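Just one chain is shown here, as structure tokens, and it is the form deposited in one PDB entry.
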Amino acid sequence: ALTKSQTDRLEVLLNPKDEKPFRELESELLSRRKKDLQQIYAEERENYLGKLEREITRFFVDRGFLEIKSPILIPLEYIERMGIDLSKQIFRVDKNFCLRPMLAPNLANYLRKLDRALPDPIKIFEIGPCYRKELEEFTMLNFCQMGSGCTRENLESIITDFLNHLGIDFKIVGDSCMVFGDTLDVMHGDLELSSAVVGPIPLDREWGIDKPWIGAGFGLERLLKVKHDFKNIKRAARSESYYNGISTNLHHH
């Protein structure tokens, strides 16, 4: 009979592929996880979240999408202009700023600005940290297209080519967003990988957008969770407690 604390400790040390006294169970698992880190150190040394970003960056750059790197610390006023009055989830910084809860506002600004320079259609994407209070720190991909070719079919076609590239099975279900309105949810079982939008929407006017557009947002930690069969998404996050899904706390309980 294991205590709750003993069971939690073993669960942290347990890996999806893994298949008696507590101390002996812990020692066995600690041995396996140390060896796992040893092999990563000897043979690959890349972080899953960083590696996935790099693989996704390649996919969209190859497909003709411009790689964007925009501020993570953004004006609070951007949130207001997204119609977010959900406000409790916003991490406030200084007085007039916040940690971005989504990539959409910065990308809206880039779409409007790049429309003065780039031919039709304009295709851009960004990968990076986003924040939502009470995962609080996670990594989003947003891609979007503006101009011609901005149809439901094309949006679904891009999403399909992308998840086929990652080798992730999915389905699409109609849903809504209190920000974007009607959406397409990309589902893996009951886990939402993505929300996608077929523009235009009334919100566009507040951002100087006057062309049709399509876009989709993906959580990278959720993609890792599906790909590596993590039970707990915290295994896929920026962390001091997990590295590539392996516990970094290899002390004894």
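Note that residue numbering follows the sequence shown and begins at 1.
This protein has a second form, the form deposited with a small molecule bound, left out of what is shown; the following refers to that one.
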item: Exercise: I172 in contact with the small molecule in the entry with it bound, heavy atom 4.5 Å; value: no
item: Any non-hydrogen atom of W207 within 4.5 angstroms of the small molecule in the entry with it bound; value: yes
item: is_contact(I74, the small molecule) in the entry with it bound, heavy atom dist at most 4.5 Å; value: no
item: Any non-hydrogen atom of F60 within 4.5 angstroms of the small molecule in the entry with it bound; value: no
item: Three-residue site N142, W213 and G217 fully in contact with the small molecule in the entry with it bound at 4.5 Å by heavy atom; value: yes
item: Location of the small molecule contact in the entry with it bound, chosen stretch of 189-197, 31-39, 49-57, 63-71 [non-hydrogen atom, 4.5 Å]; value: 189-197
